Amino acid sequence: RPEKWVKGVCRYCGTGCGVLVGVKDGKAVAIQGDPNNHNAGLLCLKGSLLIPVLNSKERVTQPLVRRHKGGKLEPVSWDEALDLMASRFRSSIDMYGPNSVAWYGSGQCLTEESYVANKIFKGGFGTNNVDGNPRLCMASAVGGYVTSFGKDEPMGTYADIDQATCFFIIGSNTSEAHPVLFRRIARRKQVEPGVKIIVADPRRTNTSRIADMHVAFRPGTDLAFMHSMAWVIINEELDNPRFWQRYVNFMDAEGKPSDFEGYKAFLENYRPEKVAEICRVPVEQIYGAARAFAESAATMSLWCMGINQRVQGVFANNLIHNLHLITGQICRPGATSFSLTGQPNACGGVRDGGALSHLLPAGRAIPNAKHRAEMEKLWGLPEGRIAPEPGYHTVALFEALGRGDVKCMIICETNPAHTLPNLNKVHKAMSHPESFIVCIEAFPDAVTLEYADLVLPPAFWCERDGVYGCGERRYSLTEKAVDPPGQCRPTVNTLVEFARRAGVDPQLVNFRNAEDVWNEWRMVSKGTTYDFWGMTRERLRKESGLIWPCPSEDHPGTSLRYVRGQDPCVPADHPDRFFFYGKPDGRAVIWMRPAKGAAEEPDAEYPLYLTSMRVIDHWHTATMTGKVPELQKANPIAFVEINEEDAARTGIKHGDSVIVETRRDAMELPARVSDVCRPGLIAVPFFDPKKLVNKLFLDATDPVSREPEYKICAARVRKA
Ligand SMILES: Nc1nc2c(c(=O)[nH]1)N[C@H]1C(S)=C(S)[C@@H](COP(=O)(O)OP(=O)(O)OC[C@H]3O[C@@H](n4cnc5c(=O)[nH]c(N)nc54)[C@H](O)[C@@H]3O)O[C@H]1N2
Ligand SMILES: Nc1nc2c(c(=O)[nH]1)N[C@H]1C(S)=C(S)[C@@H](COP(=O)(O)OP(=O)(O)OC[C@H]3O[C@@H](n4cnc5c(=O)[nH]c(N)nc54)[C@H](O)[C@@H]3O)O[C@H]1N2
Ligand code: SF4
Ligand SMILES: O=N[O-]
Ligand SMILES: [Mo]
């Protein structure tokens, strides 16, 4: 049937599988995996069933206004809408200044979209109030990498999976969250059965079903566990002194310079027999974890939300790196510290392009006077135009919306009224009578649209062109396969017309399409350690993604960052084979972080840990996966997971209707009793819009990354 195959990227997870979308007569009819991308032709079922979502008629295809708060959404023209948008933002600014205005974006936006909004607000309007949902996700992985290595992003690649002989998979349901990457790990263990897999997770998930050891520790005690692993490694003389002596520095519990002995002495508080009681695991689990890690030829750590969605999130990341730094399981094939990114483009679009409140493009920081000036030069701005202090991070943002400090917001390609924590607070805030909320949303069933005053019809996925950078440093292009339905426009063009109508200088948004913003972004990255100037449209069009740094058109891309002769940011004549160039002395850092717990720990009143999690069939709020009937049959509705032992003595049977209750709300859900949750933990999924679980969660944040702790709060269960 297809007359034509069009190269692109899977719309869903940060595995970043390349696709070929097959079209006939301007209509998509088939999809398959791109044989030349890292995924080597393969897709998971969500991926293979993207054509029904592309072809869905349940779309926002014309602009919409709500004339009054609580009113009905009515058709409006593009010009009226665009004029309503420009004048509201413009004059909010005229009245209250730049900071009364905000951008809430997404790691699902095209890099070019995020790049342009980041420039309108930070260079156009003079506010740093630009954030987005990677704050809710990767913020802790950004703090971990920066503090340990001085730069963001992994130093290795997905190819490293094919060469690890040990996998330490922690706070990660890879099976369900990163399905085609879970298959590469499983394929590795199968080509080489001597490969060891440690899954460190309070829940017993399908990821543990390929594991040699499933460590089901008490929620919040993984920092103690990983300090204990370090103790075992140094105790049994399994460290790499040649490496940590030449390439590592040590910072004690009070954050002061230290040394190996200082490290040894701090770790003495983390003896296996002590920590086993704390973690609630058998003591031999620490020794065997530690041993598999240090003793193996090449060890890869992989982690996701169980580590990051924590108030001790950045410290938890530093602890995985402490493990690689102490053993030298880094900077060589198969051995690496590898944070899993969840979204298709948290990495390229918003992390790398600094579309967060405290950051500037391509490794730059807003408090750094020199960076500001060097962005002002590159964007052709007045001096002092970029504000010196960071805008609102996401929790602070929506607190300000409620206070009325932020009066205008664009919410783009995210669903904050379903996915922000402590939703009774958030809903309150989003219903401020004097807020003007603009939503750019493809799907009319997004629960956020209920708060929207203006709704814009956006071109969806491969209805336009753009770049996604996935978790591997690979930036891949999606070309346009089909026309947008109705009056849907690409968000890049929408953002330029808005900017212009709002008096933004025409030089600032001098883009006719995404290719032009790409060429400008290529320049903003040139000479930095993200340098991807060689990644021209022409070769993104032909290659199946390039991996950065990629500094010239004859550069292949970079696999091993910080390795001499591999990474172009390491000078060929550098005295040393590694160079952790994000730190002033080229050494990476071990941090001796105090192990603590959740912001809301269980107690007599609320004796249970409660967690939230991914299920395989659904993507977040289900506005997309919910349109594929195949993906409903297994998981149509929300449920609560309960431990067998816990349920056996609370008198709860399987499929009993139970009430889950925290300090913030109470919710009725069908119970699902099994060994999946360790004794003392319950778990809810967050896809069902009729069961808004983030009503139950606290929104306490990590004080460095400002990532919320969606992963732990205290709860109790009673039969309904
Ligand atoms: N099917 C599907 N896949 C997706 C997504 C989706 O919506 N659907 N979304 C994507 C995105 S944006 C993301 S962020 C990723 C997330 O992917 P994952 O992080 O792998 O998915 P979660 O179930 O949130 O994983 C959290 C895991 O952490 C565990 N956990 C709970 N408490 C603790 C703790 O104290 N310590 C540790 N170590 N672990 C703990 C939970 O048991 C759970 O298995 O998935 C991506 N892929
Ligand atoms: N309790 C709990 N809450 C969580 C998490 C958790 O683990 N537990 N995870 C957090 C994490 S890690 C993440 S990443 C967030 C994700 O949370 P969200 O980003 O809020 O969830 P999505 O469903 O990805 O939202 C994407 C929205 O974009 C719309 N959309 C799709 N295509 C287009 C397009 O082309 N243009 C536009 N303009 N819009 C489009 C979709 O219909 C959808 O409403 O949720 C967070 N919330
Ligand atoms: S693993 Fe992720 S990127 Fe790959 S096909 Fe499945 S949902 Fe898409
Ligand atoms: O798949 N979100 O629960
Ligand atoms: Mo995420």
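Numbers here are sequence positions counted from 1. What's counted below: heavy atoms across the whole structure, side chains too, no hydrogens, waters or symmetry copies. Counting convention: from 1, in listed order, for ligands and their atoms alike.
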Trainee: Tell me, which protein residue and heavy-atom name are nearest atom 6 (C) of ligand 2, and how many Å apart are they?
Mentor: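 The closest heavy atom on the protein side is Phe686 CE2, 3.3 Å.
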Trainee: Nearest protein heavy atom to atom 8 (N) of ligand 2, by residue and atom, and its distance?
Mentor: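 For atom 8 (N) of ligand 2, the nearest protein heavy atom is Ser612 OG, 2.8 Å.
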Trainee: Does the side-chain contact (heavy atoms from CB on, under 4.5 Å) test come out yes or no for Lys691 and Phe639, once each step is laid out?
Mentor: CA-CA 9 Å; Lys691 296 288 178 180; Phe639 50 87; over 6 Å; no
Trainee: Quick check on contacts: which atoms of ligand 2 are under 4.0 angstrom from a heavy atom of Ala446?
Mentor: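 Reading through ligand 2 atom by atom, the close ones are 44 (O).
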Trainee: List every atom of ligand 2 that sits less than 4.0 Å from any heavy atom of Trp619, numbering the atoms from 1 in the order shown and giving each element.
Mentor: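 Going through ligand 2 atom by atom, the ones under 4.0 Å from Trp619 are 24 (O).
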Trainee: Between ligand 1 and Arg218, can you find any atom pair, the residue atom being a heavy atom, that is separated by under 4.0 Å?
Mentor: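 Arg218 does not count as a contact of ligand 1 under the 4.0 Å cut-off.
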Trainee: Among all protein heavy atoms, pick the one closest to atom 32 (N) of ligand 2 and tell me residue, atom and distance.
Mentor: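 Among all protein heavy atoms, the one nearest atom 32 (N) of ligand 2 is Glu413 OE2, 3.1 Å.
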Trainee: Taking only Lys NZ, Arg NE, NH1 and NH2, and the carboxylate oxygens of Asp or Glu, determine whether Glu399 and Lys425 approach each other closer than 4.0 Å.
Mentor: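 A salt bridge is present here (some side-chain N lies under 4.0 Å from a carboxylate O).
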Trainee: Could you pull out all donor-acceptor pairs under 3.5 Å where a side-chain atom in residues 337-348 meets a protein atom, sequence neighbours excluded?
Mentor:
{"residue": "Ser337", "atom": "OG", "partner": "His321", "partner atom": "NE2", "Å": "3.4"}
{"residue": "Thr341", "atom": "OG1", "partner": "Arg351", "partner atom": "NH1", "Å": "3.2"}
{"residue": "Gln343", "atom": "OE1", "partner": "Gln108", "partner atom": "NE2", "Å": "2.8"}
{"residue": "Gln343", "atom": "OE1", "partner": "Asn133", "partner atom": "ND2", "Å": "3.0"}
{"residue": "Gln343", "atom": "NE2", "partner": "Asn133", "partner atom": "OD1", "Å": "2.9"}
{"residue": "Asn345", "atom": "OD1", "partner": "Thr111", "partner atom": "OG1", "Å": "3.4"}
{"residue": "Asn345", "atom": "OD1", "partner": "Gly348", "partner atom": "N", "Å": "3.2"}
{"residue": "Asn345", "atom": "OD1", "partner": "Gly349", "partner atom": "N", "Å": "2.9"}
{"residue": "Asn345", "atom": "OD1", "partner": "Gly469", "partner atom": "N", "Å": "2.8"}
{"residue": "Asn345", "atom": "ND2", "partner": "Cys109", "partner atom": "O", "Å": "2.8"}
{"residue": "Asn345", "atom": "ND2", "partner": "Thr111", "partner atom": "OG1", "Å": "3.1"}

Trainee: Among all the protein's non-hydrogen atoms, which is closest to atom 44 (O) of ligand 2, and how far away is it?
Mentor: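 Checking every protein heavy atom, the shortest distance to atom 44 (O) of ligand 2 gives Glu441 OE1, 2.9 Å.
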Trainee: Do any N or O atoms from the side chain of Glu709 and from the backbone of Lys711 form a donor-acceptor pair under 3.5 angstrom?
Mentor: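 Checked: no pair found.
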Trainee: Kindly confirm or rule out an N or O of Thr491 lying under 3.5 angstrom from an N or O of ligand 2.
Mentor: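 N/O-N/O distance below 3.5 Å does not exist for this pair.
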Trainee: Looking at ligand 1, does any of its N/O atoms fall within less than 3.5 Å of an N/O of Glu176?
Mentor: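 There is such a contact, yes.
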Trainee: Do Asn424 and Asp665 have side-chain N/O donor and acceptor atoms under 3.5 Å apart?
Mentor: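 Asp665 and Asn424 do have a side-chain donor-acceptor pair below 3.5 Å.
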Trainee: Using distance alone, decide if ligand 1 has a nitrogen or oxygen within less than 3.5 Å of any nitrogen or oxygen in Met138.
Mentor: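 Among all N and O atoms of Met138, none is under 3.5 Å from an N or O of ligand 1.
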Trainee: Give the residue and atom name of whichever protein heavy atom lies nearest to atom 17 (O) of ligand 2, and the separation in Å to one decimal.
Mentor: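 Looking only at protein heavy atoms, the one closest to atom 17 (O) of ligand 2 is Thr419 CG2, 3.1 Å.
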Trainee: Is the closest N or O pair between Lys711 and ligand 1 shorter than 3.5 Å?
Mentor: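 For ligand 1, there is an N or O atom that lies under 3.5 Å from one belonging to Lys711.
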Trainee: Between ligand 1 and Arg310, can you find any atom pair, the residue atom being a heavy atom, that is separated by under 4.0 Å?
Mentor: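 Within the 4.0 Å threshold, so yes.
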Trainee: Would you check the N or O atoms of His618, main chain and side chain alike, for any that come under 3.5 Å of an N or O of ligand 1?
Mentor: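 Yes - when backbone and side-chain N and O of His618 are compared with those of ligand 1, one distance drops under 3.5 Å.
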Trainee: Could you tell me the residue and atom name of the protein heavy atom closest to atom 19 (O) of ligand 2, and the distance to it rounded to 0.1 Å?
Mentor: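 For atom 19 (O) of ligand 2, the nearest protein heavy atom comes out as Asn133 ND2, 2.6 Å.
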Trainee: Examine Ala459 against ligand 2 and note whether any of their N/O atoms are separated by less than 3.5 Å.
Mentor: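 Yes - when backbone and side-chain N and O of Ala459 are compared with those of ligand 2, one distance drops under 3.5 Å.
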Trainee: Could you find the nearest protein heavy atom to atom 23 (O) of ligand 2 and give me its residue, atom name and distance?
Mentor: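 Here the nearest protein heavy atom works out to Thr621 OG1, 2.5 Å.
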Trainee: One thing to verify: whether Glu472 and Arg184 come together as a salt bridge, which I'm taking to mean a side-chain N less than 4.0 angstrom from a carboxylate O.
Mentor: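 No, no charged N to carboxylate O under 4.0 Å.
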Trainee: Quick one: look up the protein heavy atom nearest atom 34 (C) of ligand 1 and list residue, atom name and how far away it is.
Mentor: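 So the nearest neighbour among protein heavy atoms is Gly306 O, 3.6 Å.
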Trainee: Could you tell me the residue and atom name of the protein heavy atom closest to atom 11 (C) of ligand 1, and the distance to it rounded to 0.1 Å?
Mentor: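 Here the closest protein heavy atom is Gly342 CA, 3.3 Å.
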Trainee: What residue and atom, counting heavy atoms only, is the protein's closest point to atom 36 (N) of ligand 1, and at what distance?
Mentor: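 The closest one turns out to be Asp222 OD2, 2.7 Å.
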Trainee: Of the side chain and backbone of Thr221, name the one, both, or neither that has a heavy atom under 4.0 Å from an atom of ligand 1.
Mentor: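 The answer is neither.
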Trainee: Which ligand 1 atoms, with their elements, are less than 4.0 angstrom from a heavy-atom of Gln343?
Mentor: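 Reading through ligand 1 atom by atom, the close ones are 12 (S).
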Trainee: How does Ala177 reach ligand 1, by side chain, by backbone, by both or by neither, if only non-hydrogen atoms under 4.0 Å count?
Mentor: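 Contact part for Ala177 vs ligand 1: both backbone and side chain.
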Trainee: Just to check, does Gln309 reach to within less than 4.0 Å of ligand 2 when the distance is taken from its heavy atoms?
Mentor: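 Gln309 counts as a contact of ligand 2 under the 4.0 Å cut-off.
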Trainee: Inspect the contact between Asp483 and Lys480 and indicate whether a charged nitrogen and a carboxylate oxygen are less than 4.0 angstrom apart.
Mentor: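 Salt bridge present between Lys480 and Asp483.
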Trainee: Can a salt bridge be assigned to the pair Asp445 and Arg59 using a cut-off of 4.0 Å between side-chain N and carboxylate O?
Mentor: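 Salt bridge between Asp445 and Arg59, a charged N being under 4.0 Å from a carboxylate O: no.
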Trainee: For ligand 1, is there an atom lying under 4.0 Å from some heavy atom of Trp303?
Mentor: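 In this structure, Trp303 fails to qualify as a contact of ligand 1 - no heavy atom is under 4.0 Å.
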Trainee: So which of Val199, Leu136, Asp201 gets nearest to atom 42 (O) of ligand 1, if we judge by its closest heavy atom?
Mentor: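 Nearest heavy atom to atom 42 (O) of ligand 1 lies in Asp201.
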Trainee: Would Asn118 and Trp103 count as a side-chain contact (heavy atoms from CB on, under 4.5 Å) here? Give the steps.
Mentor: CA-CA 8 Å; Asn118 198 43; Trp103 170 267; over 6 Å; no
Trainee: Name the orientation class of the two ring planes belonging to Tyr104 and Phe398 (parallel below 30°, tilted from 30 to 60°, perpendicular beyond 60°).
Mentor: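 Rings of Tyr104 and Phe398: perpendicular, as their planes differ by over 60°.
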Trainee: Considering heavy atoms of the protein only, find what lies nearest to atom 33 (C) of ligand 1 and give residue, atom and distance to 0.1 Å.
Mentor: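 The closest heavy atom on the protein side is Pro202 CG, 3.6 Å.
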Trainee: Would you compute the distance between atom CG of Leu420 and atom CG of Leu423 and round it to the nearest 0.5 angstrom?
Mentor: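 The CG atom of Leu420 sits 6.5 Å away from the CG atom of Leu423.
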Trainee: For the aromatic rings, using the six-membered ring if either is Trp, is the centroid distance between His427 and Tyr451 under 6.0 Å?
Mentor: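 When the ring centroids of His427 and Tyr451 are compared, they turn out to be within the sub-6.0 Å range.
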Trainee: Please report whether the ring centroid of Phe686 lies less than 6.0 Å from that of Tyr710.
Mentor: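 No, the ring centres sit 6.0 Å or more apart.
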Trainee: Side chain or backbone, does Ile170 bring an N or O within less than 3.5 Å of an N or O on ligand 1?
Mentor: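 N/O-N/O distance under 3.5 Å: no.
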Trainee: Any donor-acceptor pair under 3.5 Å linking the side-chain atoms of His618 with those of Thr625?
Mentor: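 Indeed, the side chains of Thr625 and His618 share at least one donor-acceptor pair under 3.5 Å.
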Trainee: Check whether any N or O atom of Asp617, backbone or side chain, sits under 3.5 Å from an N or O atom of ligand 1, and answer yes or no.
Mentor: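 The answer is no, given that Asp617 and ligand 1 share no N or O pair closer than 3.5 Å.
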Trainee: Among protein heavy atoms, which lies nearest atom 35 (O) of ligand 1, and at what distance?
Mentor: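 Here the nearest protein heavy atom works out to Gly220 N, 2.9 Å.
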Trainee: Report the residues that fulfil salt bridge (charged side-chain N to carboxylate O under 4.0 Å, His left out) with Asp222, sequence neighbours left out, ordered by chain and then residue number.
Mentor: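 By the salt bridge (charged side-chain N to carboxylate O under 4.0 Å, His left out) rule, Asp222 matches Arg310.
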Trainee: Among all the protein's non-hydrogen atoms, which is closest to atom 20 (O) of ligand 1, and how far away is it?
Mentor: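 For this ligand atom, the closest protein heavy atom is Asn173 N, 2.8 Å.
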Trainee: Counting only heavy atoms, which portion of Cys137 has something under 4.0 Å from ligand 1: side chain, backbone, both, or neither?
Mentor: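 Under 4.0 Å from ligand 1, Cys137 contributes side-chain atoms alone.
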Trainee: When you measure from atom 21 (O) of ligand 1 to every protein heavy atom, which one gives the shortest distance, and what is it?
Mentor: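 Of the protein heavy atoms, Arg614 CG, 3.2 Å lies nearest.
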Trainee: Could you measure the distance from the CE atom of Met613 to the SG atom of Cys677? Nearest 0.5 Å is fine.
Mentor: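 Separation between the atoms: 6.5 Å.
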Trainee: Measure from atom 39 (N) of ligand 2 to every heavy atom in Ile440, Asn694, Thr494, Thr625 and give the option owning the shortest one.
Mentor: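 Closest candidate by heavy-atom distance is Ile440.
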Trainee: In the protein, what heavy atom is nearest to atom 13 (C) of ligand 2, and what distance, to one decimal place, separates them?
Mentor: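 Among all protein heavy atoms, the one nearest atom 13 (C) of ligand 2 is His620 NE2, 3.9 Å.
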Trainee: Give me the residue, atom name and distance of the protein heavy atom closest to atom 16 (C) of ligand 1.
Mentor: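 Ranked first by proximity to atom 16 (C) of ligand 1 is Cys304 SG, 3.4 Å.
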Trainee: I need the contact type for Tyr12 against ligand 1. Using non-hydrogen atoms and a strict under-4.0 Å cut-off, is it side chain, backbone, both or neither?
Mentor: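 Looking at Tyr12 and ligand 1, no heavy atom falls under 4.0 Å.
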Trainee: Does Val615 reach ligand 1, in the sense of a heavy atom lying below 4.0 Å from it?
Mentor: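 Right, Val615 reaches ligand 1.
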Trainee: Below 4.0 angstrom, N of the basic side chain to O of the carboxylate: do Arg464 and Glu113 qualify?
Mentor: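 Yes, charged N to carboxylate O under 4.0 Å.
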